[PDB]
Amino acid sequence: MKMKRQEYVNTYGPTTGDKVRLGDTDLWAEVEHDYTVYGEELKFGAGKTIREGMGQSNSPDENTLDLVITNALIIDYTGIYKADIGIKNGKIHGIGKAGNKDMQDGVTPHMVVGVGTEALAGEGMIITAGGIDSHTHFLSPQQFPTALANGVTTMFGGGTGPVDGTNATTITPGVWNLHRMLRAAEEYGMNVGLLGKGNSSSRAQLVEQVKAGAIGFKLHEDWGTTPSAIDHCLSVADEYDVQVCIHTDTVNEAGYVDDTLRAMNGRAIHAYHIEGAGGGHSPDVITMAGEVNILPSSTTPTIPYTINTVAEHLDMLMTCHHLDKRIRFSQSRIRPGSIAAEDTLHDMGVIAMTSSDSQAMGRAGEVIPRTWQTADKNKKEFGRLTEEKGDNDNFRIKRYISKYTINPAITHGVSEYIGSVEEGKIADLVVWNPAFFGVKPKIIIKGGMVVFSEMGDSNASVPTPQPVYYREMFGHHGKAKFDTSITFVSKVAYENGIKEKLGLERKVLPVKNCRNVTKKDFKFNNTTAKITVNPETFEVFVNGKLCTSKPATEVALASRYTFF
Amino acid sequence: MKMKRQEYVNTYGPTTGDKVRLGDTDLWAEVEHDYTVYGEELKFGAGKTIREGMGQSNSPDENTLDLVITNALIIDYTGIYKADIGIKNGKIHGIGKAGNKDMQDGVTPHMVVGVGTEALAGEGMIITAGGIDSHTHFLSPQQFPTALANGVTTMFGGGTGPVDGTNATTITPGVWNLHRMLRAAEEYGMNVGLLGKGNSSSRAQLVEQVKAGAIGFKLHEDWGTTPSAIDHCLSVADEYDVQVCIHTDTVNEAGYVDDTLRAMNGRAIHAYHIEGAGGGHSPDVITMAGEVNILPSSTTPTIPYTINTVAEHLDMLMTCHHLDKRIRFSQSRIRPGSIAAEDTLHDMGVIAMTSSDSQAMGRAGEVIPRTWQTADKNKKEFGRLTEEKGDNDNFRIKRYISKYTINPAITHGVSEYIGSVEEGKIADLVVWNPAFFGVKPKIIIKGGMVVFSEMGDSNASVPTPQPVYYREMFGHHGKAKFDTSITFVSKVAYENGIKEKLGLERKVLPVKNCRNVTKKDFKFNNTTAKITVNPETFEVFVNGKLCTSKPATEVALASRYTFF
Amino acid sequence: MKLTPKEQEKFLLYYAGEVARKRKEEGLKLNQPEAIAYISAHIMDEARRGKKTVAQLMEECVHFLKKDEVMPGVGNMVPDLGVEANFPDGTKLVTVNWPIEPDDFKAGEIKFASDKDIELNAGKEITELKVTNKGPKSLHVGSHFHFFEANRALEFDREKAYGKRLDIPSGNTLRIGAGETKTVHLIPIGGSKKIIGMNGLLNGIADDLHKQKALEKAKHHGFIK
Amino acid sequence: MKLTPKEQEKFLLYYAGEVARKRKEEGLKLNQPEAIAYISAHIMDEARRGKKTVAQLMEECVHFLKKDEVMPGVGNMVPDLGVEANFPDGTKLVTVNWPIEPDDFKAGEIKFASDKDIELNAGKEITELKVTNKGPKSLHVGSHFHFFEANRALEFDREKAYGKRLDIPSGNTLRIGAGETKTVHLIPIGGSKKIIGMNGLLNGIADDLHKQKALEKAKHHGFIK
Ligand SMILES: [Fe+3]
Ligand SMILES: [Fe+3]
Ligand SMILES: [Fe+3]
Ligand SMILES: [Fe+3]
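So, how was this worked out
Residues numbered from 1 in each chain as written, not as in the entry; some residues may be left out. Chains lettered and ligands numbered in written order. Part of a larger assembly, values for the part shown. Heavy atoms only, no water. Residues with missing side-chain atoms left out of burial classes, pairs and counts. Contact = heavy atoms within 4.5 Å. UniProt positions renumbered as here; feature names shortened; annotations may be inferred. Helix = DSSP H or I, 4+ residues; strand = E, 2+ residues; numbered from the N terminus. Polar contact = N/O pair within 3.5 Å; in protein donor to acceptor, adjacent residues only side chain to side chain. Least-squares fit on C-alpha atoms. Donors = N, O, S within 2.8 Å, 3.2 Å for Na, K, Ca; no water. Buried < 20%, exposed > 50% of the residue type's maximum accessible area, 1.4 Å probe, protein only. Buried area = accessible area lost by both parts, 1.4 Å probe. Salt bridge = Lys/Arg side-chain N within 4 Å of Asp/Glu carboxyl O. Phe/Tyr/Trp six-rings, centres within 6.5 Å; stacked < 30°, edge-to-face > 60°. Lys NZ or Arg CZ within 6 Å of the ring centre and 35° of its normal. Domains from an automatic or database assignment.

Before we go on, may I ask you to explain the arrangement of the chains in this structure?
Here 5 pairs of chains make contact, and the pair sharing the most contacts is chains A and C. The two units chain B and chain D are non-contacting; their minimal C-alpha-C-alpha distance is 28 Å.

Mind showing me how you'd approach the UniProt feature "binding site: Ni(2+) 1" (unreviewed entry) in chain A here?
All names here are of chain A. The sites that carry the UniProt feature "binding site: Ni(2+) 1" (unreviewed entry) are, in the present numbering, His 135, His 137, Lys 218 and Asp 357. Structurally, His 137 is set in strand β9 (residues 131–137). Side chain to side chain, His 137 and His 135 meet in a polar contact 3.3 Å long. Positionally, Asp 357 belongs in the loop between β16 (353–355) and α10 (367–382). With residues near it in sequence (within four places) discarded, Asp 357 still touches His 135, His 137, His 273, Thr 299 and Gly 362.

Just to check I follow, could you spell out the relation of the copies chain C and chain D for this structure?
Comparison of the two chain copies shows a relationship of rotation about an axis with a shift along it. Rotating chain C by 120 degrees and moving it 0.1 Å along the rotation axis overlays it on chain D with an RMSD of 0.1 Å. Both copies are brought into coincidence by an operation consistent with a three-fold rotation axis. Within chain C, the C-alpha atom positioned nearest to the axis of rotation is that of C:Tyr15, 4.8 Å from it. Mapped onto chain D, only 6% of the interface residues of chain C again fall at the interface, so the copies present different surfaces.

In this structure, what is going on with the coordination of the iron ion (ligand 2)? I would like to understand it.
Reference geometry at the metal: tetrahedral coordination by four donors gives ideal angles of 109.5 degrees; octahedral coordination by six donors gives 90 or 180 degrees. All names here are of chain A. Looking at the metal site, the iron ion (ligand 2) is ligated by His 135 (NE2), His 137 (NE2) and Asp 357 (OD), spaced 1.9 to 2.3 Å from it. Distance-wise, the iron ion (ligand 1) is placed 3.2 Å from the iron ion (ligand 2). In terms of burial, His 135 and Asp 357 fall into one category: buried.

In this structure, what is going on with the interface of chain C and chain D? I would like to understand it.
Much of the literature gives interface size as the accessible area that the parts lose upon coming together. With 18 residues of chain C at the interface, the matching set in chain D holds 13 residues. Carbon and sulfur atoms make up 58% of the area that chain C and chain D hide from each other, which totals about 1300 Å². The largest per-residue losses of area from chain C upon contact with chain D belong to C:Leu12, C:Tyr15 and C:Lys22, which jointly make up 40% of the total buried on that side. There are 4 salt bridges connecting chain C and chain D. Here D:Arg48 ties to C:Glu34 by a salt bridge, and the two come within 2.5 Å at their closest N and O atoms. Seen at the junction of chain C and chain D, the total is 6 residue pairs in polar contact. Sorting the residues of the side of chain C that touches chain D by element identifies α1 (5–25) and α2 (32–49) of chain C as the ones contributing at least two each.

I tried to follow the packing of aromatic side chains on my own but got confused; where do I start?
For the coordinates displayed, the defined rule picks out 41 aromatic pairs over all chains. Their ring planes at 50 degrees and their centres at 5.0 Å tell us that C:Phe147 and C:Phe156 sit as a pair that is tilted. Neither C:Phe147 nor C:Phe156 differs from the other in exposure class; each is buried. Here the aromatic cluster, defined as three or more aromatic residues joined through ring pairs, consists of A:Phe563, A:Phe564, C:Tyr15, D:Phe11, D:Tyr14 and D:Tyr15. Its end group placed over the ring of D:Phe223, D:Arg152 keeps NZ or CZ at 4.8 Å from the ring centre.

Quick question: what am I supposed to make of the domain arrangement of chain A here?
Residues and elements named next belong to chain A. When the domains of chain A are assigned, the result is domain 1 (1–129 + 420–477) and domain 2 (130–419 + 478–563). Computed from C-alpha atoms alone, the centre-to-centre distance between domain 1 and domain 2 is 31 Å. In this complex, domain 1 contributes 43 residues to the contact, which on the side of domain 2 involves 51 residues. Summed over both partners, the interface of domain 1 with domain 2 buries about 3800 Å², with 61% contributed by carbon and sulfur atoms. Joining domain 1 to domain 2, the criterion identifies 4 salt bridges. The closest approach of N and O atoms between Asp 24 and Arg 560, which form a salt bridge, is 2.9 Å. On the surface where domain 1 and domain 2 come into contact, there are 24 residue pairs in polar contact. Mapped by element, the contributors of at least two residues to the side of domain 1 that touches domain 2 are β3 (28–30), β4 (67–76), β5 (79–88), β8 (126–129), β17 (429–432), β18 (443–446) and β19 (449–455).

It is not clear to me how the domain arrangement of chain C should be interpreted in this structure. Could you clarify?
Residues and elements named next belong to chain C. On domain assignment, one finds that chain C holds domain 1 (2–103) and domain 2 (104–225). Between the C-alpha centres of domain 1 and domain 2 there is a distance of 43 Å. Residue-level contacts link 5 residues of domain 1 with 4 residues of domain 2. With both sides pooled, the region where domain 1 packs onto domain 2 buries about 370 Å², and carbon together with sulfur makes up 55% of that total.

Quick look at the structure:
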């Protein structure tokens, strides 16, 4: 039978060739393929498809899904397509066409909808992987609800709490502090991984930390990021397959940027706030982004570049670092050049990740909105990418989504477990309404269970009445949180029973394959170039061509969605 | 650099668009795709690619392959393509481009060739999955080397040994006999699964057998295949998720074919020797093949149809069933019609599997040659399939390979473990030289180890000197055979610790998803039709059109390859 | 006071409404949360006054905020609003459809590939069948229900509906009112046609072999008269 | 509405601001939390109007509340204020230095024992040294960094800086601009002088015995030209 295009789209969501506007941005996602058979689409409800002996099987099957996300529009580095998503044992069991082969054509064999299957209507929704925030300062446990409310399911970084060390650096230093924090982690719904103090010119002190459970090390100038420290830290990381994150020597005390790069010696390293406002060698830290071994990320305050970015920083730097009021400027000439270039470098795929720097020169619940605001800003300034095929922004979308999903996962050695919408991976997914894409998520799924979601009046006759606000769900509570949350550790710690020894009830998984991840290993952000900074004008150059952008007067995914 | 096409093919094997003749048949396999990057192909040897810090990585990786099969031409239902195959932990770890990402472009991320990788040159070789023979009479342990020497790695059926019951039926009856055989199985390299006596009109006796380890039941007329037996057997099989195999009531004592079909009641059943010379309702058993619930197989003696097929049977039936010399004929008029139709039904995808009936009206080391002889015969008589796209027989090849690989695996509930060349499956593979494809294999890999291969003089300076004959390899010996071989059991037996209880050291895996496999579930052999037999002429009809074939005067993969 | 957790929620909603009111008075175009809170507070106010019915309020609140009183796209973002409030007769749910007047801007806008219709159940053979609901009550039949097993109140040639389902969009239902006669379009069931359950008239593959048994069970159970 | 936990916080801050406004209108002198909330709400209001820059607001809010508008000591208690608000270009941090005008009352005041200077690093022998930053970029050197191991861009008699650090307050740094020449005052490192790390030129006790080895490593690594 012939169904009107508008009626099909209302009932099942968009199909092949349809374009979806991402929020209030000028970014258009085109459905590349639809895995359904027209007339066999699954719909849940009274008199609908998913019913006993019809869409729901009566035939027992070893692949009976625990949950079915019907008619989802997947947005992932793997593609922008329409498919049913099947969850089983807290993992993505299958992606394709779910249902009952007894009564339906074209059913994906391992996507059986049966008696034990729960239904979630994804028709007209965008499904993406849970975001990974690789620059968390564990300052406040109140960051976690803020993060989840912005589609972030995993947080790497460090801290002890509201102390000067943490306030400045992502560092949980020493054995005792690492054990304490890993045990504190039990409370939360968020997946965690802790970094220890990499700022050491002695082996023993570094080794103790990896064995204590650290997923890596943070080298930060507050503890002195000297060439000796850089070499010693990377040497231990290489031995123990853990990642190193760096905040470089801003004041060029022990050397210039090239001296730091030399100390690294082509070894894998995660360069935080690569632009340099968040910290690092002045005025040339951005030059590191061109290097193959450097895995660079950006922090939220400098992305996107706005008319208030520079003004906000010339004071935000004074509250964080606690500077004298006698200090006025240098940052007023250095900063515009690198902040502007940074946005273009993101569009070029030179900067591979976006991070927060949460309550330590950056915002916790801003990674996702700010990534899409930058994507939108560039599209608006530079136009549609030349890389695009058709009337869509699919390539740009894939480049930007990778910044907060897959690329942080690759960097930290968790890409086999999380990071993307792929069969076999843990079911850490986010459901979005297209009108609110990138700004306000609907449902947060972690380990196949809903852990956090937008919810209305608790007394109310339906879940829709006002006030609708973000609340913790069943997957975030009781002993179910131990089933849905992961505490990542080093292989040494994992293999030596850290879980049992610390009495951790959460899922404990090791980080693996950190040492041999180069720029070539990333998804849609593999660009290497000769990045140079004029020491007089502070202008940034990519292979001799001025790299810049104009500041935004207004951004997407902001004013229309927020009260304050 | 520009390499001459002949030189490329000599060095690395065929690439995209090249056609390979399968043995001495008229079947042509076209390379659909090549997963390599020209200039980055892996070659093993002195001064070659796979060397320290070059093609072989010096960077540790969690995905370092245990074995690499370089430049293989995969022939599987999944496709006919060129790729490197990576084995790790006795499973197919990856398929694509293997090597070192440190020095090479386009390397599949989970296909790392490193210090711990062994090399196997597949350049110019055909790699297929190990065959599954679902009609084994466990008569003689000497069938196993014969089977392996013909590319068969898994054998389902039954027996006790050279006793009348086994001589006739694939049945290991009762608890004691099942336990004895499962313990005897420890000796071999072959994967096994045993069927018990399904011929019962009492529940208890059937249940005991599934709980004793049986992978299913064989209903055989020698123990009376009555409608009561058919119903009782299927009822228990449905309860316990096990397969039922059937040899129908030849003499139509309790009813005709339609009475048997009625007793089955649309339940999943494996119909052995569907043609009927091997046994079953005379003259209409072949009519069952049209039914959706019927999973039909053929036995080797009737495939392909030759000028000596009928003559051989009119006596081979008398030695097997031990008949009086007073009995001359009926089989002389009935048999030509069904034997001829059977070959065409295979080409049409109506008969989904090929089996042996080993030493009980069929040959152990003939499943594979006879399947390809039939494929060749039909191609020669009926020409290239209309289904084909391009100057190749890819569709026919895929239809025929599925008969002895994937389709028996689907039928018996082992498709998740074995049956095809797919990532995640157990590494049960066969290496073939194209000139000997389907007739004489080179190497037999089981669970990632070489278990059987063609080998020359044991004293000899190289492995090539004469006499070259089939011999057992390291994977078939010691405690390594327990690591490479599987004894399949029912879920009930598996879950109740049959392994520990019987002290089995072999890999014990349960058969699952047998009850809901219909014709629709098969690969390239899903054809359903209205099959009718004229009770006067014995001619076979498919939807009213005479289904037939001419007898072969000579077959491929025979006279050129064998001494006797 | 004995403030319940639901009362604590309503205070925040009401305060948000009061902030939104202030901003509108300042002449600012309201955003998505401001618009929702502004309308919610009005509903909460009228409910307390206990002079208007739920029916009255549902009607009164359509386009309560006009397109120029809100930011672009706000109306389309909020197609419906729901607010529970205490009335003299207890807590009742006030449901407003189109509380904010829409404009030309649409966030999350879907642009079709083509305006051409979608051919559902393509290539399946259609069977036209006359059905009459001889029963005293109206009934609906779903897209994937085995038509042959429908309520015995329905009068049709059941033999012709064996192994078939309605050629209607997946999830939709066809209504046959009490006494109503309709021409239905049936298509054969997908997959293996392994019909298990519903009225248990078949419980197996819908082949020719099972048909006589199925027709006899249908007659015996009163589906076939 | 989809209210985030951070939006729920801001409602409380804004309401506190509204209560403070009411109390100021009553003529009451605002206390510490009232004063902070009063200024915060103003910033939140101006940000929503989206007509002022962060730069404008930072300037506008200095002495937003005057000494007589607040209780004594309030200004001194709040030397700086920070409030994040959504602007048309997104959430930005408004940082105000001296938002409340101080009065001569000081809660938690520190009264010095003497006005006389504190002699830091007392009794240590001072070494005057001429240093030139021959590099293209300016650099700073900390109080406890081993001067001998400073950026190779710095040109000075390194032998004279062996086993020494800057005679500056602990935690302070000395700036040497690109091209700038300065006279630095060096004092010998405290404790055992066990210098481990930095540029690894020494990695041991800074004694006479280690000196030649250290000078050779410095020359080899390019610190000594
Ligand atoms: Fe930092
Ligand atoms: Fe930081
Ligand atoms: Fe038989
Ligand atoms: Fe047999």
